[PDB]
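Student: For reference, the structure I am asking about is given below.
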Amino acid sequence: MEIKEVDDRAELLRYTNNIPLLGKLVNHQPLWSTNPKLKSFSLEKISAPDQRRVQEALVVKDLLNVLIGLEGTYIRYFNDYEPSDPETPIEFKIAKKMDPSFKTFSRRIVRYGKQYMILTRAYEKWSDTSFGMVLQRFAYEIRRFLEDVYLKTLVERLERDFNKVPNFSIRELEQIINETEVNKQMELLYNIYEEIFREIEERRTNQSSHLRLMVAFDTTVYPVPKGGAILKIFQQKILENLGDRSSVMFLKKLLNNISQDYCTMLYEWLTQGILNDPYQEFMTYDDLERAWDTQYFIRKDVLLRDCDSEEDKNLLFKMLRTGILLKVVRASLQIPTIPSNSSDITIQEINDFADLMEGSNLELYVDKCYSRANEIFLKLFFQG
Amino acid sequence: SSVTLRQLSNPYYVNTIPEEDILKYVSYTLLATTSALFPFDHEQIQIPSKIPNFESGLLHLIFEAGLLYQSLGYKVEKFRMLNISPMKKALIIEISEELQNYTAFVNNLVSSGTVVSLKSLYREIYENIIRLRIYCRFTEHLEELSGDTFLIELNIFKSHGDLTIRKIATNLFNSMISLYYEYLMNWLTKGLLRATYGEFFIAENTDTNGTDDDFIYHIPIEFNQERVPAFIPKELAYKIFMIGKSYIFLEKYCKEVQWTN
């Protein structure tokens, strides 16, 4: 195919004030559709049954690029694609002059490149501090997935077979993608994306829409669901994948690797009385960051459970009180931390969120923490 | 059939440069050096028409590392010539270490001979790209910016959900806080304010107008409460201030030299 001249020069982007911490810092390549570097070859010319395999070879070469988010020579980014725009949806168009059987395979394969790019871009957006550590860890896991699973499979298996295997074919690509279940993993991630995304849009849309404790609610709904608001998505998705052991296993693993810092934060609150929430994802926030009798606020929107039932309200308050008593003790003793040997009650870290949320376990975990907080507190008050 | 699809697609790409040749010059691009295939201009990499846009899209994704590398290398070289706070040197040094690790990694991939394609290469260096991007953004403002501000920002990032980010922020933080600690020691053990470049909350103030030019009524030490870092209790910062002031008083005016030493 004849070569066309395009002044293709790679450079770093000048404006970073509008780029997420993990966003791309390099200009996109010139597009085929406006600046092809090659005269195209109509595939019509090789539609013949004896040349048909060649047509397929050319099509597969594009599919490999489509899967990693690049346009090809027969499959192109659609008409409104705008590579400099983080908000532009991406669709692909398939050259009309193509064997119709390939055109249908292509649509089925192409959709994954679409998901790939979306997930890629989404995790980059989520690298901002504005989204919270729960989402950021998820964004991490997405990125990690793509590096180690998606692309690894693609290169080790598909690029490799394209280059090395006689009888390698387009029908095989479909089989392999499903064979490794990478598409299910992506489909789940994609659907999580869609769920959070639509949730964000709903939130964005809705701009107009006994204990001696200073406990106020903060009914603010955040544009970005954070903390429990995210963890709930995962829980709900698991509940929608019931019976698919592979899928739920994946989702559970994933959730436990997302909730890990959340759990740590909760643990310290409950065993140390330490509030440390730089991204404002934890319920129970207060002022100042003397004057110790400050108000505590409950971010209803980041809660793991509703606070409408009596039982969960009671649990929430117990968790709150637990940390407060510990906070008092740390202040009173002028210590950074309360050691495990400060009491006869020792409490293990939360290392499995999903398990903690299985029912009853949370209440007991908290009760143990609470009991401990009182043991320590009372010893101080009646001895110290 | 008897051939792979690559063999069949081949005859249409005969006018273009194969991946073998591209890989032979990629290692140079990745270290931001120039080459015969990819002349590396001051800030741009020239891609020949002989490499289709099909592959160019990947090369941009790959080449970004070389460009980021270059940018960080310049940040290092610029600052290497300046009289700056040790706190910045700590950041700079960490950048140089990252660049050294980057380099070794890249050289190892190339020398291993196991990279046979660009898709493979890209995937293999994917993480390094991410790491450089993180640093590149952290160094974006490494100019007109104090050491404490950086420590604060890093503390935010130390809590970031992304594992790579928190590791990087942590390492940068630790490299810098170590020298912050040294400032505290100089003050606490010597009453010394040295090489702070305005990046330490306790300051010398000898800008007098006859109001004790000889420092017999006051010791020309003051501190900015607003510059006390987040990790030091304000009350303690006060004690720190007073210890060094007391040190000075005793050593300089009371001449309690044997004791003080």
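Identifiers for the structure tokens are assigned positionally: chains receive A, B, ... in sequence, residues are indexed from 1 per chain, and ligands are indexed from 1 in the order shown.
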Using only C-alpha atoms, which chain B residues lie at most 9 Å away from chain A, written as a PDB file with N, CA, C and O atoms, in the first residue's frame?
Tutor:
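Result file is out.pdb:
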ATOM      1  N   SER B   1      -3.888 -22.192   7.522  1.00  0.00           N
ATOM      2  CA  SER B   1      -3.401 -23.024   6.433  1.00  0.00           C
ATOM      3  C   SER B   1      -2.020 -23.550   6.770  1.00  0.00           C
ATOM      4  O   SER B   1      -1.839 -24.335   7.703  1.00  0.00           O
ATOM      5  N   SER B   2      -1.035 -23.101   6.010  1.00  0.00           N
ATOM      6  CA  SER B   2       0.352 -23.431   6.252  1.00  0.00           C
ATOM      7  C   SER B   2       1.062 -22.196   6.758  1.00  0.00           C
ATOM      8  O   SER B   2       2.239 -22.247   7.125  1.00  0.00           O
ATOM      9  N   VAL B   3       0.342 -21.078   6.768  1.00  0.00           N
ATOM     10  CA  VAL B   3       0.927 -19.822   7.183  1.00  0.00           C
ATOM     11  C   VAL B   3       0.125 -19.106   8.230  1.00  0.00           C
ATOM     12  O   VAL B   3      -1.090 -19.312   8.380  1.00  0.00           O
ATOM     13  N   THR B   4       0.801 -18.208   8.913  1.00  0.00           N
ATOM     14  CA  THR B   4       0.155 -17.447   9.935  1.00  0.00           C
ATOM     15  C   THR B   4      -0.473 -16.239   9.281  1.00  0.00           C
ATOM     16  O   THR B   4      -0.055 -15.802   8.200  1.00  0.00           O
ATOM     17  N   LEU B   5      -1.386 -15.590   9.971  1.00  0.00           N
ATOM     18  CA  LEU B   5      -2.018 -14.457   9.343  1.00  0.00           C
ATOM     19  C   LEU B   5      -1.006 -13.372   9.083  1.00  0.00           C
ATOM     20  O   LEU B   5      -1.092 -12.667   8.079  1.00  0.00           O
ATOM     21  N   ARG B   6      -0.004 -13.248   9.936  1.00  0.00           N
ATOM     22  CA  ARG B   6       0.999 -12.225   9.703  1.00  0.00           C
ATOM     23  C   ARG B   6       1.620 -12.379   8.323  1.00  0.00           C
ATOM     24  O   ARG B   6       1.939 -11.391   7.658  1.00  0.00           O
ATOM     25  N   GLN B   7       1.864 -13.609   7.906  1.00  0.00           N
ATOM     26  CA  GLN B   7       2.500 -13.836   6.633  1.00  0.00           C
ATOM     27  C   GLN B   7       1.610 -13.373   5.508  1.00  0.00           C
ATOM     28  O   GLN B   7       2.085 -12.954   4.452  1.00  0.00           O
ATOM     29  N   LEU B   8       0.313 -13.501   5.702  1.00  0.00           N
ATOM     30  CA  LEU B   8      -0.609 -13.103   4.668  1.00  0.00           C
ATOM     31  C   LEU B   8      -0.851 -11.619   4.631  1.00  0.00           C
ATOM     32  O   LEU B   8      -1.145 -11.079   3.567  1.00  0.00           O
ATOM     33  N   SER B   9      -0.747 -10.949   5.773  1.00  0.00           N
ATOM     34  CA  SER B   9      -0.969  -9.512   5.781  1.00  0.00           C
ATOM     35  C   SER B   9       0.271  -8.808   5.260  1.00  0.00           C
ATOM     36  O   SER B   9       0.192  -7.791   4.566  1.00  0.00           O
ATOM     37  N   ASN B  10       1.409  -9.451   5.455  1.00  0.00           N
ATOM     38  CA  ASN B  10       2.701  -8.936   5.074  1.00  0.00           C
ATOM     39  C   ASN B  10       2.837  -8.223   3.740  1.00  0.00           C
ATOM     40  O   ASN B  10       3.294  -7.086   3.753  1.00  0.00           O
ATOM     41  N   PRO B  11       2.417  -8.763   2.591  1.00  0.00           N
ATOM     42  CA  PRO B  11       2.595  -8.176   1.296  1.00  0.00           C
ATOM     43  C   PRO B  11       1.958  -6.815   1.131  1.00  0.00           C
ATOM     44  O   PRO B  11       2.235  -6.140   0.147  1.00  0.00           O
ATOM     45  N   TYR B  12       1.083  -6.414   2.029  1.00  0.00           N
ATOM     46  CA  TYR B  12       0.464  -5.123   1.870  1.00  0.00           C
ATOM     47  C   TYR B  12       1.203  -4.057   2.636  1.00  0.00           C
ATOM     48  O   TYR B  12       0.981  -2.857   2.446  1.00  0.00           O
ATOM     49  N   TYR B  13       2.123  -4.484   3.481  1.00  0.00           N
ATOM     50  CA  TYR B  13       2.862  -3.597   4.352  1.00  0.00           C
ATOM     51  C   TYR B  13       4.312  -3.580   3.993  1.00  0.00           C
ATOM     52  O   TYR B  13       5.171  -3.162   4.756  1.00  0.00           O
ATOM     53  N   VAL B  14       4.594  -4.026   2.815  1.00  0.00           N
ATOM     54  CA  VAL B  14       5.956  -4.115   2.359  1.00  0.00           C
ATOM     55  C   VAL B  14       6.625  -2.785   2.158  1.00  0.00           C
ATOM     56  O   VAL B  14       7.844  -2.705   2.073  1.00  0.00           O
ATOM     57  N   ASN B  15       5.846  -1.740   2.058  1.00  0.00           N
ATOM     58  CA  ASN B  15       6.423  -0.449   1.854  1.00  0.00           C
ATOM     59  C   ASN B  15       6.790   0.203   3.162  1.00  0.00           C
ATOM     60  O   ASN B  15       7.428   1.261   3.169  1.00  0.00           O
ATOM     61  N   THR B  16       6.417  -0.418   4.270  1.00  0.00           N
ATOM     62  CA  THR B  16       6.613   0.167   5.572  1.00  0.00           C
ATOM     63  C   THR B  16       7.734  -0.483   6.336  1.00  0.00           C
ATOM     64  O   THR B  16       8.264  -1.528   5.962  1.00  0.00           O
ATOM     65  N   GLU B  43      11.969  18.849  21.636  1.00  0.00           N
ATOM     66  CA  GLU B  43      10.865  18.354  22.430  1.00  0.00           C
ATOM     67  C   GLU B  43       9.958  17.431  21.659  1.00  0.00           C
ATOM     68  O   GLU B  43       8.858  17.127  22.113  1.00  0.00           O
ATOM     69  N   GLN B  44      10.365  17.043  20.466  1.00  0.00           N
ATOM     70  CA  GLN B  44       9.486  16.214  19.659  1.00  0.00           C
ATOM     71  C   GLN B  44      10.176  15.031  19.019  1.00  0.00           C
ATOM     72  O   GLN B  44      11.336  15.104  18.634  1.00  0.00           O
ATOM     73  N   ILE B  45       9.436  13.963  18.819  1.00  0.00           N
ATOM     74  CA  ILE B  45      10.005  12.811  18.140  1.00  0.00           C
ATOM     75  C   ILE B  45       9.452  12.711  16.745  1.00  0.00           C
ATOM     76  O   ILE B  45       8.236  12.638  16.548  1.00  0.00           O
ATOM     77  N   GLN B  46      10.331  12.695  15.760  1.00  0.00           N
ATOM     78  CA  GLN B  46       9.840  12.645  14.401  1.00  0.00           C
ATOM     79  C   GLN B  46       9.576  11.230  13.983  1.00  0.00           C
ATOM     80  O   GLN B  46      10.481  10.403  13.950  1.00  0.00           O
ATOM     81  N   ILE B  47       8.360  10.963  13.579  1.00  0.00           N
ATOM     82  CA  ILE B  47       8.002   9.657  13.126  1.00  0.00           C
ATOM     83  C   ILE B  47       7.950   9.725  11.603  1.00  0.00           C
ATOM     84  O   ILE B  47       7.437  10.700  11.049  1.00  0.00           O
ATOM     85  N   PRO B  48       8.603   8.819  10.882  1.00  0.00           N
ATOM     86  CA  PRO B  48       8.633   8.780   9.441  1.00  0.00           C
ATOM     87  C   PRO B  48       7.293   8.357   8.885  1.00  0.00           C
ATOM     88  O   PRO B  48       6.524   7.661   9.551  1.00  0.00           O
ATOM     89  N   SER B  49       7.043   8.694   7.630  1.00  0.00           N
ATOM     90  CA  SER B  49       5.832   8.282   6.929  1.00  0.00           C
ATOM     91  C   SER B  49       5.828   6.785   6.679  1.00  0.00           C
ATOM     92  O   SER B  49       4.794   6.156   6.482  1.00  0.00           O
ATOM     93  N   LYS B  50       6.997   6.207   6.812  1.00  0.00           N
ATOM     94  CA  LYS B  50       7.241   4.805   6.610  1.00  0.00           C
ATOM     95  C   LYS B  50       6.678   3.968   7.736  1.00  0.00           C
ATOM     96  O   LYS B  50       6.683   2.734   7.665  1.00  0.00           O
ATOM     97  N   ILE B  51       6.252   4.611   8.805  1.00  0.00           N
ATOM     98  CA  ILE B  51       5.584   3.906   9.858  1.00  0.00           C
ATOM     99  C   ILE B  51       4.147   4.402   9.869  1.00  0.00           C
ATOM    100  O   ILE B  51       3.918   5.544  10.253  1.00  0.00           O
ATOM    101  N   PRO B  52       3.170   3.570   9.522  1.00  0.00           N
ATOM    102  CA  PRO B  52       1.766   3.868   9.412  1.00  0.00           C
ATOM    103  C   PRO B  52       1.202   4.357  10.695  1.00  0.00           C
ATOM    104  O   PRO B  52       1.754   4.113  11.766  1.00  0.00           O
ATOM    105  N   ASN B  53       0.073   5.032  10.593  1.00  0.00           N
ATOM    106  CA  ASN B  53      -0.588   5.576  11.747  1.00  0.00           C
ATOM    107  C   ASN B  53      -1.069   4.458  12.659  1.00  0.00           C
ATOM    108  O   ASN B  53      -1.294   4.649  13.857  1.00  0.00           O
ATOM    109  N   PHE B  54      -1.221   3.292  12.068  1.00  0.00           N
ATOM    110  CA  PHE B  54      -1.668   2.108  12.740  1.00  0.00           C
ATOM    111  C   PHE B  54      -0.707   1.815  13.895  1.00  0.00           C
ATOM    112  O   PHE B  54      -1.109   1.751  15.058  1.00  0.00           O
ATOM    113  N   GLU B  55       0.588   1.750  13.583  1.00  0.00           N
ATOM    114  CA  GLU B  55       1.623   1.559  14.577  1.00  0.00           C
ATOM    115  C   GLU B  55       1.971   2.826  15.335  1.00  0.00           C
ATOM    116  O   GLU B  55       2.300   2.765  16.520  1.00  0.00           O
ATOM    117  N   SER B  56       1.835   3.978  14.697  1.00  0.00           N
ATOM    118  CA  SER B  56       2.197   5.228  15.338  1.00  0.00           C
ATOM    119  C   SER B  56       1.410   5.404  16.611  1.00  0.00           C
ATOM    120  O   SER B  56       1.942   5.865  17.622  1.00  0.00           O
ATOM    121  N   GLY B  57       0.147   5.005  16.607  1.00  0.00           N
ATOM    122  CA  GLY B  57      -0.638   5.123  17.823  1.00  0.00           C
ATOM    123  C   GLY B  57       0.015   4.403  18.992  1.00  0.00           C
ATOM    124  O   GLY B  57      -0.057   4.868  20.138  1.00  0.00           O
ATOM    125  N   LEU B  58       0.675   3.287  18.735  1.00  0.00           N
ATOM    126  CA  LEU B  58       1.307   2.588  19.811  1.00  0.00           C
ATOM    127  C   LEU B  58       2.591   3.277  20.126  1.00  0.00           C
ATOM    128  O   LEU B  58       2.981   3.402  21.281  1.00  0.00           O
ATOM    129  N   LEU B  59       3.268   3.756  19.106  1.00  0.00           N
ATOM    130  CA  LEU B  59       4.520   4.395  19.380  1.00  0.00           C
ATOM    131  C   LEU B  59       4.291   5.614  20.208  1.00  0.00           C
ATOM    132  O   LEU B  59       5.108   5.930  21.046  1.00  0.00           O
ATOM    133  N   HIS B  60       3.182   6.303  20.052  1.00  0.00           N
ATOM    134  CA  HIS B  60       2.993   7.429  20.935  1.00  0.00           C
ATOM    135  C   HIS B  60       2.846   6.927  22.351  1.00  0.00           C
ATOM    136  O   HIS B  60       3.479   7.437  23.279  1.00  0.00           O
ATOM    137  N   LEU B  61       2.115   5.843  22.533  1.00  0.00           N
ATOM    138  CA  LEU B  61       1.958   5.340  23.875  1.00  0.00           C
ATOM    139  C   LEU B  61       3.279   4.890  24.477  1.00  0.00           C
ATOM    140  O   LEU B  61       3.479   5.018  25.681  1.00  0.00           O
ATOM    141  N   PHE B  63       6.485   5.930  23.352  1.00  0.00           N
ATOM    142  CA  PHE B  63       7.424   7.023  23.324  1.00  0.00           C
ATOM    143  C   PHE B  63       7.195   7.987  24.425  1.00  0.00           C
ATOM    144  O   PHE B  63       8.151   8.614  24.888  1.00  0.00           O
ATOM    145  N   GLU B  64       5.975   8.051  24.935  1.00  0.00           N
ATOM    146  CA  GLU B  64       5.721   8.920  26.049  1.00  0.00           C
ATOM    147  C   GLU B  64       6.782   8.698  27.106  1.00  0.00           C
ATOM    148  O   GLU B  64       7.246   9.654  27.712  1.00  0.00           O
ATOM    149  N   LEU B  67       9.817  10.715  26.396  1.00  0.00           N
ATOM    150  CA  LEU B  67       9.585  12.121  26.565  1.00  0.00           C
ATOM    151  C   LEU B  67       9.494  12.492  28.033  1.00  0.00           C
ATOM    152  O   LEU B  67      10.013  13.531  28.452  1.00  0.00           O
ATOM    153  N   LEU B  68       8.866  11.644  28.839  1.00  0.00           N
ATOM    154  CA  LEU B  68       8.744  11.957  30.244  1.00  0.00           C
ATOM    155  C   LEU B  68      10.104  11.899  30.876  1.00  0.00           C
ATOM    156  O   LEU B  68      10.464  12.749  31.696  1.00  0.00           O
ATOM    157  N   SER B 117       8.079  -7.588  20.070  1.00  0.00           N
ATOM    158  CA  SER B 117       7.018  -6.826  19.469  1.00  0.00           C
ATOM    159  C   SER B 117       6.808  -5.588  20.260  1.00  0.00           C
ATOM    160  O   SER B 117       7.236  -5.487  21.412  1.00  0.00           O
ATOM    161  N   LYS B 119       3.763  -4.432  20.994  1.00  0.00           N
ATOM    162  CA  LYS B 119       2.681  -4.537  21.943  1.00  0.00           C
ATOM    163  C   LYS B 119       3.250  -5.110  23.201  1.00  0.00           C
ATOM    164  O   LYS B 119       2.893  -4.682  24.301  1.00  0.00           O
ATOM    165  N   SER B 120       4.168  -6.055  23.054  1.00  0.00           N
ATOM    166  CA  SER B 120       4.770  -6.634  24.212  1.00  0.00           C
ATOM    167  C   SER B 120       5.561  -5.586  24.925  1.00  0.00           C
ATOM    168  O   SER B 120       5.402  -5.389  26.128  1.00  0.00           O
ATOM    169  N   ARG B 123       3.334  -3.274  26.894  1.00  0.00           N
ATOM    170  CA  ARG B 123       2.778  -3.815  28.095  1.00  0.00           C
ATOM    171  C   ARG B 123       3.848  -3.915  29.163  1.00  0.00           C
ATOM    172  O   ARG B 123       3.627  -3.523  30.304  1.00  0.00           O
ATOM    173  N   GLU B 124       5.042  -4.338  28.794  1.00  0.00           N
ATOM    174  CA  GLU B 124       6.087  -4.519  29.785  1.00  0.00           C
ATOM    175  C   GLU B 124       6.515  -3.222  30.434  1.00  0.00           C
ATOM    176  O   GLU B 124       6.857  -3.192  31.614  1.00  0.00           O
ATOM    177  N   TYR B 126       4.585  -0.645  30.778  1.00  0.00           N
ATOM    178  CA  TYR B 126       3.408   0.082  31.137  1.00  0.00           C
ATOM    179  C   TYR B 126       3.520   0.697  32.503  1.00  0.00           C
ATOM    180  O   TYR B 126       3.186   1.864  32.698  1.00  0.00           O
ATOM    181  N   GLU B 127       3.977  -0.071  33.471  1.00  0.00           N
ATOM    182  CA  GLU B 127       4.062   0.442  34.822  1.00  0.00           C
ATOM    183  C   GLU B 127       5.077   1.535  34.924  1.00  0.00           C
ATOM    184  O   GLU B 127       4.916   2.466  35.709  1.00  0.00           O
ATOM    185  N   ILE B 130       3.601   4.679  34.014  1.00  0.00           N
ATOM    186  CA  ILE B 130       2.780   5.218  35.050  1.00  0.00           C
ATOM    187  C   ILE B 130       3.642   5.858  36.098  1.00  0.00           C
ATOM    188  O   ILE B 130       3.342   6.961  36.557  1.00  0.00           O
ATOM    189  N   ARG B 133       4.827   9.157  34.966  1.00  0.00           N
ATOM    190  CA  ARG B 133       3.799  10.169  34.932  1.00  0.00           C
ATOM    191  C   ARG B 133       3.567  10.735  36.301  1.00  0.00           C
ATOM    192  O   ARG B 133       3.428  11.950  36.451  1.00  0.00           O
ATOM    193  N   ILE B 134       3.584   9.884  37.305  1.00  0.00           N
ATOM    194  CA  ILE B 134       3.325  10.373  38.627  1.00  0.00           C
ATOM    195  C   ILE B 134       4.377  11.355  39.015  1.00  0.00           C
ATOM    196  O   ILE B 134       4.053  12.458  39.459  1.00  0.00           O
ATOM    197  N   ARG B 137       4.191  14.730  37.294  1.00  0.00           N
ATOM    198  CA  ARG B 137       3.226  15.675  37.761  1.00  0.00           C
ATOM    199  C   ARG B 137       3.685  16.223  39.089  1.00  0.00           C
ATOM    200  O   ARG B 137       3.610  17.418  39.331  1.00  0.00           O
ATOM    201  N   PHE B 138       4.310  15.417  39.916  1.00  0.00           N
ATOM    202  CA  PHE B 138       4.743  15.960  41.188  1.00  0.00           C
ATOM    203  C   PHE B 138       5.814  17.032  40.988  1.00  0.00           C
ATOM    204  O   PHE B 138       5.852  18.027  41.712  1.00  0.00           O
ATOM    205  N   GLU B 140       5.932  19.040  38.492  1.00  0.00           N
ATOM    206  CA  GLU B 140       5.357  20.078  37.667  1.00  0.00           C
ATOM    207  C   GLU B 140       5.574  21.429  38.272  1.00  0.00           C
ATOM    208  O   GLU B 140       5.876  22.396  37.576  1.00  0.00           O
ATOM    209  N   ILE B 156      -0.879  14.058  51.483  1.00  0.00           N
ATOM    210  CA  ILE B 156      -2.176  13.728  50.968  1.00  0.00           C
ATOM    211  C   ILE B 156      -2.028  12.485  50.132  1.00  0.00           C
ATOM    212  O   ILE B 156      -2.729  11.496  50.331  1.00  0.00           O
ATOM    213  N   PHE B 157      -1.030  12.485  49.270  1.00  0.00           N
ATOM    214  CA  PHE B 157      -0.865  11.376  48.359  1.00  0.00           C
ATOM    215  C   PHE B 157      -0.469  10.083  49.015  1.00  0.00           C
ATOM    216  O   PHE B 157      -0.813   9.010  48.521  1.00  0.00           O
ATOM    217  N   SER B 159      -1.902   8.740  51.232  1.00  0.00           N
ATOM    218  CA  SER B 159      -3.145   8.084  51.558  1.00  0.00           C
ATOM    219  C   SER B 159      -3.959   7.715  50.326  1.00  0.00           C
ATOM    220  O   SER B 159      -5.084   7.230  50.444  1.00  0.00           O
ATOM    221  N   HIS B 160      -3.419   7.970  49.145  1.00  0.00           N
ATOM    222  CA  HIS B 160      -4.134   7.753  47.896  1.00  0.00           C
ATOM    223  C   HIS B 160      -4.434   6.290  47.725  1.00  0.00           C
ATOM    224  O   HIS B 160      -3.629   5.434  48.088  1.00  0.00           O
ATOM    225  N   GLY B 161      -5.604   5.982  47.190  1.00  0.00           N
ATOM    226  CA  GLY B 161      -5.994   4.603  47.001  1.00  0.00           C
ATOM    227  C   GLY B 161      -5.046   3.821  46.097  1.00  0.00           C
ATOM    228  O   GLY B 161      -4.781   2.648  46.346  1.00  0.00           O
ATOM    229  N   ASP B 162      -4.460   4.453  45.095  1.00  0.00           N
ATOM    230  CA  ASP B 162      -3.561   3.740  44.211  1.00  0.00           C
ATOM    231  C   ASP B 162      -2.300   3.316  44.919  1.00  0.00           C
ATOM    232  O   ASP B 162      -1.606   4.124  45.549  1.00  0.00           O
ATOM    233  N   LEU B 163      -1.975   2.046  44.810  1.00  0.00           N
ATOM    234  CA  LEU B 163      -0.834   1.566  45.528  1.00  0.00           C
ATOM    235  C   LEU B 163       0.458   2.185  45.044  1.00  0.00           C
ATOM    236  O   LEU B 163       1.353   2.457  45.844  1.00  0.00           O
ATOM    237  N   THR B 164       0.589   2.417  43.753  1.00  0.00           N
ATOM    238  CA  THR B 164       1.827   2.957  43.258  1.00  0.00           C
ATOM    239  C   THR B 164       1.967   4.361  43.735  1.00  0.00           C
ATOM    240  O   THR B 164       3.055   4.791  44.135  1.00  0.00           O
TER     241      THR B 164
END
Student: Skip residue B:207 itself and residues of its chain fewer than 6 positions away, then list as a list in words all residues within 12 Å of it, counting only C-alpha atoms.
Tutor: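 Everything that qualifies: residues 213, 214, 215, 219, 220, 221 and 222 of chain B.
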Student: Do you have the atom CA of residue A:75-atom CA of residue A:112 distance handy?
Tutor: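 Calculated distance between atom CA of residue A:75 and atom CA of residue A:112 is 13.6 Å.
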Student: Could you pull the residues within 8 Å of residue A:232, counting only C-alpha atoms, minus those fewer than 4 positions along the same chain, as a list in words?
Tutor: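 What passes the distance filter is residues 228, 236 and 304 of chain A.
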Student: Which polymer residues have any atom within 7 Å of an atom of stretch 284-298 of chain A, counting only C-alpha atoms, with same-chain residues fewer than 3 positions away left out, as number ranges by chain?
Tutor: A: 214-218
Student: With N, CA, C and O atoms retained, could you export that selection as a compact mmCIF listing (two decimals), in the first residue's frame?
Tutor:
# COMPACT_ATOMS: atom_id res chain seq x y z
N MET A 214 -22.65 15.08 70.71
CA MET A 214 -23.05 16.03 69.70
C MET A 214 -23.13 15.38 68.35
O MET A 214 -22.14 15.34 67.63
N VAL A 215 -24.27 14.79 68.04
CA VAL A 215 -24.39 14.03 66.80
C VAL A 215 -25.37 14.53 65.78
O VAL A 215 -26.58 14.26 65.85
N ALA A 216 -24.83 15.17 64.76
CA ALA A 216 -25.61 15.79 63.73
C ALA A 216 -25.46 15.07 62.45
O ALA A 216 -24.42 14.48 62.19
N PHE A 217 -26.48 15.09 61.66
CA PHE A 217 -26.36 14.49 60.37
C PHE A 217 -25.94 15.50 59.38
O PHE A 217 -26.24 16.69 59.49
N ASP A 218 -25.21 15.01 58.43
CA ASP A 218 -24.83 15.74 57.26
C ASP A 218 -25.52 15.00 56.14
O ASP A 218 -25.23 13.84 55.83
Student: Among stretch 196-264 of chain A, which ones does DSSP assign to strand (DSSP E or B) (computed from the backbone)? Answer as a list in words.
Tutor: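 Secondary structure check on stretch 196-264 of chain A, strand (DSSP E or B): residues 215, 216, 217 and 218 of chain A.
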Student: What's the 9 Å shell around residue B:158, counting only C-alpha atoms, without same-chain residues fewer than 5 positions away, as a ChimeraX atom specification?
Tutor: /B:153,165-171,173
Student: Take the selection from the previous step and output its residues with N, CA, C and O atoms, as a PDB file, in the first residue's frame.
Tutor:
ATOM      1  N   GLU B 153       1.635  18.219  50.560  1.00  0.00           N
ATOM      2  CA  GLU B 153       0.979  17.613  49.444  1.00  0.00           C
ATOM      3  C   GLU B 153       1.270  16.128  49.398  1.00  0.00           C
ATOM      4  O   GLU B 153       0.368  15.322  49.166  1.00  0.00           O
ATOM      5  N   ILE B 165       0.870   5.086  43.709  1.00  0.00           N
ATOM      6  CA  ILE B 165       0.951   6.451  44.134  1.00  0.00           C
ATOM      7  C   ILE B 165       1.309   6.560  45.573  1.00  0.00           C
ATOM      8  O   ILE B 165       2.149   7.392  45.920  1.00  0.00           O
ATOM      9  N   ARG B 166       0.695   5.772  46.441  1.00  0.00           N
ATOM     10  CA  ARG B 166       1.054   5.984  47.815  1.00  0.00           C
ATOM     11  C   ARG B 166       2.498   5.589  48.039  1.00  0.00           C
ATOM     12  O   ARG B 166       3.170   6.188  48.879  1.00  0.00           O
ATOM     13  N   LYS B 167       3.013   4.600  47.301  1.00  0.00           N
ATOM     14  CA  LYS B 167       4.397   4.227  47.507  1.00  0.00           C
ATOM     15  C   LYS B 167       5.316   5.330  47.080  1.00  0.00           C
ATOM     16  O   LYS B 167       6.277   5.654  47.781  1.00  0.00           O
ATOM     17  N   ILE B 168       5.013   5.956  45.964  1.00  0.00           N
ATOM     18  CA  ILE B 168       5.860   7.023  45.523  1.00  0.00           C
ATOM     19  C   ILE B 168       5.780   8.192  46.448  1.00  0.00           C
ATOM     20  O   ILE B 168       6.810   8.782  46.785  1.00  0.00           O
ATOM     21  N   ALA B 169       4.574   8.569  46.846  1.00  0.00           N
ATOM     22  CA  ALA B 169       4.448   9.704  47.718  1.00  0.00           C
ATOM     23  C   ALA B 169       5.174   9.443  49.004  1.00  0.00           C
ATOM     24  O   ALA B 169       5.843  10.331  49.531  1.00  0.00           O
ATOM     25  N   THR B 170       5.105   8.212  49.480  1.00  0.00           N
ATOM     26  CA  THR B 170       5.765   7.852  50.694  1.00  0.00           C
ATOM     27  C   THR B 170       7.236   7.970  50.564  1.00  0.00           C
ATOM     28  O   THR B 170       7.884   8.517  51.451  1.00  0.00           O
ATOM     29  N   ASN B 171       7.792   7.485  49.478  1.00  0.00           N
ATOM     30  CA  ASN B 171       9.217   7.551  49.377  1.00  0.00           C
ATOM     31  C   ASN B 171       9.681   8.972  49.262  1.00  0.00           C
ATOM     32  O   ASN B 171      10.659   9.355  49.903  1.00  0.00           O
ATOM     33  N   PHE B 173       8.208  11.545  50.440  1.00  0.00           N
ATOM     34  CA  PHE B 173       7.999  12.149  51.705  1.00  0.00           C
ATOM     35  C   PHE B 173       9.114  11.791  52.618  1.00  0.00           C
ATOM     36  O   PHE B 173       9.683  12.651  53.280  1.00  0.00           O
TER      37      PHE B 173
END
Student: Write out as a list in words the residues lying within 10 Å of residue B:242, counting only C-alpha atoms and excluding same-chain residues fewer than 3 positions away.
Tutor: residues 187, 188, 191, 221, 222, 236, 237, 238, 239, 245, 246, 247 and 248 of chain B
